[PDB]
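S.K.: In PDB author numbering, the protein residues as written are 1 to 85.
Got a structure for you, written out below as structure tokens; questions coming shortly.
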Ligand SMILES: [Zn+2]
Ligand SMILES: [Zn+2]
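See below:
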């Protein structure tokens with residue numbers, strides 16, 4: 001015997017990563033990182049799916065991967081549109 005000595009897995013944390021998704025807004029929202037009015041017609045900014053944090057497309061890179069904090073009490077609402085053929 002005396003064989004079989006190894007072990008030590010390691011990897012980044014893909015869970016902490018932000019799930020920001022490029023989406024449009026209907027109201028004048030302000031970034032969460034820098035804090036500046038978010039203008040634009042299509043793909044104005046980005047919004048997470050876990051922390052629903054609105055941030056600029058270029059701000060997402062600056063925002064700290066740190067995602068999943070339970071230190072918030074505010075929660076916005078989502079709207080929907082209709083169509084016809
Ligand atoms: Zn997030
Ligand atoms: Zn920003």
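Ideal placement from N, C-alpha and C gives every residue a C-beta, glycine not left out.
Closer than 8 Å is the cut-off here; do at least three beta carbon pairs connect the region 44 to 63 with the region 12 to 26?
M.R.: With a cut-off of 8 Å, the region 12 to 26 and the region 44 to 63 count as touching, because enough Cβ pairs lie within range.
S.K.: So residue 54 and residue 31 are supposed to be a Cβ contact under 8 Å. How far apart are they, rounded?
M.R.: Residue 54 to residue 31, Cβ: 6 Å. Contact.
S.K.: Thinking C-alpha only, which one of 9, 7 and 15 is nearest residue 69?
M.R.: It is 15 whose Cα lies nearest to the Cα of residue 69.
S.K.: Going by beta carbon distance, what residues of the same chain come within less than 6 Å of residue 60, once the five residues before and after it are set aside?
M.R.: Cβ neighbours of residue 60 beyond the five flanking positions: 20 and 46.
S.K.: Taking the beta strand (DSSP E) that residue 54 falls in, what are its first and last residues?
M.R.: Counting along the chain, the beta strand (DSSP E) containing residue 54 begins and ends at 54 to 56.
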